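Following: one structure in structure tokens, then a few remarks.
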Amino acid sequence: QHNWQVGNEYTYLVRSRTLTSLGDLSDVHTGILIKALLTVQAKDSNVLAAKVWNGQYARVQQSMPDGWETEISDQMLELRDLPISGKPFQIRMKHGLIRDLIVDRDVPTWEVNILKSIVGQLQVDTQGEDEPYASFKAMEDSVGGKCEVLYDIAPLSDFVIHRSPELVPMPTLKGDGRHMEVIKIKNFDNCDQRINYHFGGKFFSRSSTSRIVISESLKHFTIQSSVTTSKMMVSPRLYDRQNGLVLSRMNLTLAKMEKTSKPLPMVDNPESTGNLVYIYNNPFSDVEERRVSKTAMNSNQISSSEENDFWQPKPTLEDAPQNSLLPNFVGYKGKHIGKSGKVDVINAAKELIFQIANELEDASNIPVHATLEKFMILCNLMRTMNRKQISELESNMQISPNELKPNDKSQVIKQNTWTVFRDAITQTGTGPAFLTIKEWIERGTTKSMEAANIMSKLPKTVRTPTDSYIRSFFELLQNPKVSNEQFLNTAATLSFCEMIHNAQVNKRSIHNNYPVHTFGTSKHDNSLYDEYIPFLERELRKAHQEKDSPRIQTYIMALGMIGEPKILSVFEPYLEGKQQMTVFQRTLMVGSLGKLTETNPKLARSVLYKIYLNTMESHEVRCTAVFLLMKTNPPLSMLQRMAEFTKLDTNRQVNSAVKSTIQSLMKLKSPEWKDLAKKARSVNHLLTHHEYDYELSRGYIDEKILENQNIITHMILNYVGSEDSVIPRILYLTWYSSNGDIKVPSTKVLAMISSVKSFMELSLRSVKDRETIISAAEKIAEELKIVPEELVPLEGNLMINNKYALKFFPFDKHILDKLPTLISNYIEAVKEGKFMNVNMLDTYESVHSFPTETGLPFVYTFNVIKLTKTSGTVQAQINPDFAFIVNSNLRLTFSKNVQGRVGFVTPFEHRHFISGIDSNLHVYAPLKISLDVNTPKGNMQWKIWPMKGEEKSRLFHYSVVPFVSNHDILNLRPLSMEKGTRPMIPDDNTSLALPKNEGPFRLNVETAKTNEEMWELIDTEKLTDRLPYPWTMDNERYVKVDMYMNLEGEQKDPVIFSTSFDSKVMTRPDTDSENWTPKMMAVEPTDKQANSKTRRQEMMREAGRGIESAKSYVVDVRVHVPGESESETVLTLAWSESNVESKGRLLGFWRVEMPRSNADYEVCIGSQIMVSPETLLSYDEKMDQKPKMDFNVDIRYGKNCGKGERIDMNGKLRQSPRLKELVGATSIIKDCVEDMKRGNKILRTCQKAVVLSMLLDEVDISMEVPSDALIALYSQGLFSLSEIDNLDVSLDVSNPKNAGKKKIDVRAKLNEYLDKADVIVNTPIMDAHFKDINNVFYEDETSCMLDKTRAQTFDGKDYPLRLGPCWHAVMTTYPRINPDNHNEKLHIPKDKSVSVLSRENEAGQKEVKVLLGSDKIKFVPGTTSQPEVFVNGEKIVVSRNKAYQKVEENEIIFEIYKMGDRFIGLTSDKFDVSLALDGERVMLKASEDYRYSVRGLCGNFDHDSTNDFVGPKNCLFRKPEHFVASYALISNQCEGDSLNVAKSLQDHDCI
Ligand SMILES: *[C@@H]1O[C@H](CO)[C@@H](O[C@@H]2O[C@H](CO)[C@@H](O[C@@H]3O[C@H](CO[C@H]4O[C@H](CO)[C@@H](O)[C@H](O)[C@@H]4O)[C@@H](O)[C@H](O[C@H]4O[C@H](CO)[C@@H](O)[C@H](O)[C@@H]4O)[C@@H]3O)[C@H](O)[C@H]2NC(C)=O)[C@H](O)[C@H]1NC(C)=O
């Protein structure tokens, strides 16, 4: 392995280059070139003498059409002098490859790195780990690190040498050997020592190649050339096509080969620099110091605490952190930026803060001043300060917000100064910053909201979480000024837990999100467990003792968020049952186990499964367990057992949850859920056929893959159904999107509530209306001795988590109690006037760095800055009649700036070369608002003004600009104003002024002549069709837009927006039933003004005539826009409905006026829908009486509504005889055929069967279109519909279906069984033929049947039945417990007092008594073809053409009417109940409001068919006879039988 023969003198010419460019977008290239000479002398066997002298360099920024390898002549260059400390250093050889270098006192570490690169360019391996061929792999080292390389050796032909003689300058050493070539390829995925700074495969495509020429092998090596080439491909904005390039090269070539003349001087100050990898330094020491590690391992022969590699020391809480790669830390010759003295750190920060504060008042010019970039520069600058400097700056600012006036208008700049300084301190993320925050809070400069907002942003800003940092944070957490308050305390504890988790709990978080390589939580530091877990344990126990809900929620969430298995031992005395706990707290504890599944999936899966198995637990807990269980990748056996259990499980909610979650894992196709898709598909054949509604628990996973950009976007949404109301209780929402190995952080939401009904009742209590009137309902409840259920406390959560902040808001009863007081206080606060100034500034950061192959740092950044600003005076005046008058003078602004940059930094010149793209968004709202709301009259009048002094201000600005830059690091200014920055305006650029006429708005869009996408989307108002089509809009190319306001000559004419509302009940002669003509006509009102009572009355009258007991509604809207061309607008709607007969009508009226252009347009609509068969319950299998459904739609429009294009659209439906055959040959038909033979009347099964019996198959839609343009539009729509995947392709036939007649008919057959439909389309222009619950009458799952010998409950229970002579209570409402006092009871609400009393006649008939608040009704059966109807002890007649109404204050109390063969009805609108009887059977219909608030024979109405046998004493029953006996009044007309049974039941023991 002999090489570098002793006594000889060599000489190698040195060339190298490093360039940064923007890839395919342009050809400009920014970078430097280097020239030098290297002389090596063979001093002895193992020590060589070297020297690098004659250093020159030049900087280049020019177009390179040929490529980055183009030779540039020295005449075209601008050579400089390289600050190289040319001294006779030395190099030593160790049995082959080079081992270590020697440097003198003139040791700037960057110079040593460059020398290391030059040395390592000579690295060769003649042997492995004649024979011209050879190949193997070696674990070699270089400047970048010790990554492995692949070798390849082969001789080089003479033709190549003859063609290109440069590879072999002087060939006279062929001798007995020849010339070879070596190719080395290095991969970076397997290394030993690495240098990097990562914060925030990973879109980092690296490469390395070499080429060395040789002489006679293994005995006379004689290196003669060496070329290394490296690339780095990176995406700028994390969603791009890799246009970011950083390229490098190093060149060596032999020049001289001759005898030594004079030995080089010996180095007098040995400074061993170790191996060839990059080495850090100290950025603050006045005397140069380096951290070089010399392992000196014997080797030979064939994280853990070890020396490993040299790392920078961990900084303290007072000293600044030490980094050796960022521009600010090693810009000035490897030292900190302020060491130069040309910049003073404190003064620069002061000027930056003053500029930012001053420019933040004139918000319309934020984009042109680059304020947000200035904020980022200030944050970077303050990342280098120490504690004394920030303290001195705070003293020098002469600012203290405590002395400031919060609502003053004079000290706007001072308040802005405080705000910007506070935001910068929050975003700095260093030890001194946290010390400053501790000093602020401890002495009391930020009391509650500011402090909590500050600590909500800490967990996602801190750079290096050290041990002493966390210890100080804990010491602050143990301060009385933080614990006693609530919102600050919860924010601080959550931030503590999150930072602990990130810093130590997850090793992946340590390795990825933090720069471990540049800085080396020790394993021996077991302080976490002992110091922290007992703290949270003890304080959670104390909070549980005190019975304080927000504290319990906060501390459970924190202990869950720490994410370690010890939380299981923490919780096991809680979940098991040793400590009492509410359902809300239990579900929060179960949901808190989310972080444990992502770290130790198996143990969390076991715990969640064990929770799931139990059935006696609450359904919300089980549901949440299911959702957490199927995010763990279970095996096939688990899911098989899941599906098997689905069928046999009684709980509807859990079944719905598991079925939905299993079924939702199917449409996915992506390499992260792929392994579970097959298992999901292998389960359907075990699932239950029953399909559940939407009010129950469900799951949904969404996928959106874009193979063009390799973008994966997800969404998870879960909810647990509520047992009291429609609105679900719990909600989850996650938007994690990953494209590669690095992804944007996840966004999560979690909302929870104990009970929706209780929450609404407490929130709406601010009405000052406590019920006092007592009706018969409370007497009924008291005599039955009804005890209400034990009330549950109200609790709630709301958590938001995203890139910026982590927030948490635990609810309580006390907070909702305090809400009205704060509302009132704010009400008199805004009585006269109140100024405000609110600013939010949050940012996101990510920096990645690693040395290049030329010996220079490479830094990549990605910043986004978000601003939200409000300012103005708001005044309100509230009156007891709700005369809510508000005047506001606000200004609104929103801006965003995202910028990604790639490049490198050269320490010896303090310069920075960058290529990247940045974008700006900006919106401004200088508006005045006047709001007058008068709620008794339904008026909602707005007035909007253009704010004075903002006649011509920017309203919109979007600009995307790519650039290349070459800027000094000492200067602290935005790069847009630097001289070296060059934008890349495309060659073919044209401007554009969108408004062709001088309208109120101006738009100025400029871009390249190409980009036809935006060039058509933006300005082309002609092709305004299929224009939006949300796409990416090629955001990687130059664009800039701006929209001003052209309003000049300040105007006092408001833009108004009015609204109204009304209702009425139609009087006697209008509903004469002779006014219903089969076809309607649109009505033209006599009055066409805005918000007119006459039009409302006319429409309401014409909408309800001919319908018995019909209610008409109306909604009137007005919009007014003044200016050079006024635009009035009138819109009215009307509709009718009645509970007696299915006969509804709709009407509309639209009209806009243009007083300047004299343009008037109108449209009138009149429609009706009727279903021919009257509502009926029983099967009535005799005869058919086939169902019918006809409707009419009529429109008319033009300058005058009456005279103009009128469309007469008529429709009709039908049921085919094939469905007669199917119904006559179906299961349910025979089922209740046998039942009616037995005598069953209103059972559930054939209620569903008659529901099917009232089904419609054929559809006959016809429309007469007098406009050919409408026909053409319909033809275009038909072609578009035929373009769909499922729709068959049908074209225009030679013979049109119809000629001279305008009509399109569509019909779907019945034999398809609604699996798919066939739709025929017959237009005069095109003919198309396609290839292959519902309407219900007075029946739903809600109702409760009460038949002669059967009983169907609210929730679906059946049991034997037999009544008696004395009254029984069917449906009742009972009073509850006062939330304020656990002794007093509240009263029945005025609009929810109902009692229903039944009876069995001695002759088999039935009697009905209903207590409707303060009224009573009795239904004597009789034998007069209808049960006798007495109202309040007075007789009323019910006939075919009359009906009973009780009307008060234009509201309906109850309706009595005759229907069917022997049926009469009672539907209470004010009470939301319905009843029907025939003297032999009664069925009861309720509303959703009565959930968990009724008790009687029907049941408790809880969507549960298991616990509907509960008595007044809240005791479950076990025999229908026992239940019927129990729920029986014993007042009068009763003796024995039921009385004896009730006496025995009282004597006996229930359950
Ligand atoms: C690592 O570093 C070394 C050191 O520079 C590089 O080696 C150089 O390689 C270039 C390759 O282009 C050499 O340039 C060549 O020089 C030849 C000799 O130059 C004499 O003759 C020309 C007239 O032809 C005179 O103008 C000049 O002053 C000299 O007197 C030229 O003949 C070559 O011409 C090429 O282009 C013409 C175009 O028509 C062709 O016809 C030719 O056939 C030929 O291809 C060429 O210009 C340069 O001399 C080398 N320097 C040396 C040997 O010291 C390595 O390239 C570099 N490694 C890299 C870049 O990977």
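Quick note, the sequence shown lines up with residues 19 to 147, 161 to 231, 246 to 347, 379 to 596, 599 to 1410, 1433 to 1651 if you use the authors' numbering.
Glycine residues also receive a C-beta, built at the ideal position from the N, C-alpha and C atoms.
Backbone secondary structure at residue i - three-state DSSP
| i | result |
| --- | --- |
| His1648 | coil |
| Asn296 | strand |
| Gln977 | strand |
| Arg35 | strand |
| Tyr1474 | coil |
| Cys1324 | helix |
| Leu119 | strand |
| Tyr1352 | helix |
| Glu698 | helix |
| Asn604 | coil |
| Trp516 | helix |
| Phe1437 | coil |
| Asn345 | coil |
| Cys1598 | coil |
| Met720 | helix |
| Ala1212 | strand |
| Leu321 | coil |
| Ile1339 | strand |
| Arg1562 | coil |
Anticipated Cβ contact below 8 Å, residue i with residue j, distance rounded
| i | j | result |
| --- | --- | --- |
| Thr1210 | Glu1186 | No, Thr1210 and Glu1186 are not in contact; Cβ-Cβ is about 25 Å, not under 8 Å. |
| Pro1527 | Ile1564 | 7 Å |
| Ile501 | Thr493 | Actually they do not touch by this definition, with Cβ atoms about 13 Å apart. |
| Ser1220 | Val1249 | 5 Å |
Residue i, buried or exposed, once every other Cβ within 10 Å from all chains shown has been counted against 16
| i | result |
| --- | --- |
| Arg1316 | exposed |
| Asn64 | exposed |
| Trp71 | exposed |
| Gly414 | buried |
| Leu900 | exposed |
| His990 | buried |
| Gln59 | buried |
| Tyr607 | exposed |
| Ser800 | buried |
Distance cut-off 7 Å: residue i Cβ against heavy atoms of ligand 3
| i | result |
| --- | --- |
| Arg33 | Within the structure as shown, ligand 3 is missing, the only ligands being ligand 1. |
Per DSSP, cross-strand counterpart(s) of residue i
| i | result |
| --- | --- |
| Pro403 | Paired residues: none, contrary to the question. |
| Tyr75 | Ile52, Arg98 |
| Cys1444 | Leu1584 |
| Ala67 | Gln59, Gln108 |
| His1622 | Paired residues: none, contrary to the question. |
| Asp1458 | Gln1452 |
| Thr791 | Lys782, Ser815 |
| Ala954 | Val964 |
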